[PDB]
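Below is one structure; the comments refer to it alone.
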Amino acid sequence: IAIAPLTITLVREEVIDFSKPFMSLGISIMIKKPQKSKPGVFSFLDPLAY
Amino acid sequence: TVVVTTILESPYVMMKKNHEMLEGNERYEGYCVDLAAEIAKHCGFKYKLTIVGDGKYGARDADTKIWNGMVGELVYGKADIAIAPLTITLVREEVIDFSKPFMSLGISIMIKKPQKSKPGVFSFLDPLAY
Amino acid sequence: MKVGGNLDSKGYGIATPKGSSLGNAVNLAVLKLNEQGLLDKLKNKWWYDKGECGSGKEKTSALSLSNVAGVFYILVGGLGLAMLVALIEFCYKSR
Amino acid sequence: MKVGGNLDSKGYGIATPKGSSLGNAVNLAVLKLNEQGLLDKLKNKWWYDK
């Protein structure tokens, strides 16, 4: 028996048997914390819109 | 010609606009209605879309120990297959066979899509009172 | 509107009588449809594409300009008021 | 940090040799564990708790 994060694929379901999914997943996006700040020279004005 | 049982639940299986002027499988439209044609194409078979009598999914009356809805019509030979939003539960997997999930879901939260805007006139002035 | 992720993991499936001939075939068919993105396509067709709500934007959060703008206008009422009154008083009072 | 929902729907499962004796038992076991919230519990234990 195989107990691991084995993906249930068609190519494999043909040769072996897969139990029902014990964990549903997919493809996700990973970014970096957007904590940055710049003072610039335009920012100041901005609370009052153009 | 395979007997496909399904429940009337939008937007999986709904009555087409001019369903009164139509017959057979053309009467219905929806996610499962299309999913049926797809399954039938890859498995190679003709089918007849039929709506479950009692209009239930699958449950089991404790007393009579009788299955109802689509799950019922399967166990008692009324239908050959069930193409609908039928939840894959342990209690059902024991009596019938469930293919791999064609749609993963769960319990969600519904709130009023909030209105973020309530501009006044002088709320401009409201920090002070008349 | 729906908020946050699901609370549990469920899933619908095609039900077939125990020990049926359509059993394995249909199973593979579902897997084939999902990999071809046909399942995702169907959902998009009936949920979002066929949907009536793609309109219901802004954000970042800005200033109050509205109420402020009422102040502009009424303020202008003051303007034109000074305008005419002063006019007819100059030319008409003097003249 | 992960942003937005998944791009596709996958899932891991317990693999067993075609026509094995452990085949049905394990299958039901996975379903039982998920309904008892034991699977969700395990994930929380190793992902967020730990």
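As shown in the structure tokens, the chain order sets the letters A, B, ...; within each chain, residues go from 1, and ligands are also counted from 1 in the order they appear.
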With only C-alpha atoms considered, list every residue of chain D at most 9 Å from chain A, as a PyMOL selection string. chain D and resi 1-20+22-24+26-28+30-31+33-34+39-40+43
Residue 2 (chain B): which residues within 7 Å, counting only C-alpha atoms, same-chain residues fewer than 6 positions away excluded, as a compact mmCIF listing (two decimals) with N, CA, C and O atoms, in the first residue's frame?
# COMPACT_ATOMS: atom_id res chain seq x y z
N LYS B 46 -26.70 5.39 -25.37
CA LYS B 46 -27.85 6.28 -25.43
C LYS B 46 -28.52 6.32 -24.06
O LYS B 46 -28.45 5.35 -23.31
N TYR B 47 -29.17 7.43 -23.74
CA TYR B 47 -29.79 7.58 -22.43
C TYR B 47 -31.10 8.35 -22.48
O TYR B 47 -31.39 9.06 -23.44
N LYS B 48 -31.90 8.20 -21.42
CA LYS B 48 -33.16 8.91 -21.29
C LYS B 48 -33.23 9.61 -19.94
O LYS B 48 -33.37 8.97 -18.90
N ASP B 80 -30.50 3.14 -14.12
CA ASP B 80 -29.21 2.51 -14.38
C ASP B 80 -28.05 3.36 -13.87
O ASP B 80 -26.96 2.85 -13.60
Which residues come within 6 Å of residue 103 (chain B), counting only C-alpha atoms, excluding same-chain residues fewer than 2 positions away, as a PyMOL selection string? (chain B and resi 101) or (chain C and resi 11-12)
Identify all chain C residues at most 9 Å from chain B by counting only C-alpha atoms; ligands do not count. Present them as a VMD selection string. chain C and resid 1 to 20 22 to 34 39 to 40 42 to 43 45 to 47 56 64 66 to 71
Report the distance between CA of residue 48 (chain A) and CA of residue 80 (chain C) in Å, rounded to one decimal place. 26.3 Å
Rank C:21, C:53, C:44, C:63 by their smallest atom-to-atom distance to chain A, using only C-alpha atoms, and report the top residue only.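 Checking each of C:21, C:53, C:44, C:63 against chain A, counting only C-alpha atoms, the winner is C:63.
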Tell me, in Å to one decimal, how far CA of residue 25 (chain B) is from CA of residue 50 (chain B).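 Distance between the two atoms: 8.3 Å.
CA of residue 91 (chain B) is positioned 12.3 Å from CA of residue 65 (chain B).
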Strand (DSSP E) residues, from DSSP on the backbone, in chain D, as a count of residues only: 8
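The smallest atom-to-atom distance between chain A and any of C:48, C:41, C:84, C:62, using only C-alpha atoms, is found for C:62.
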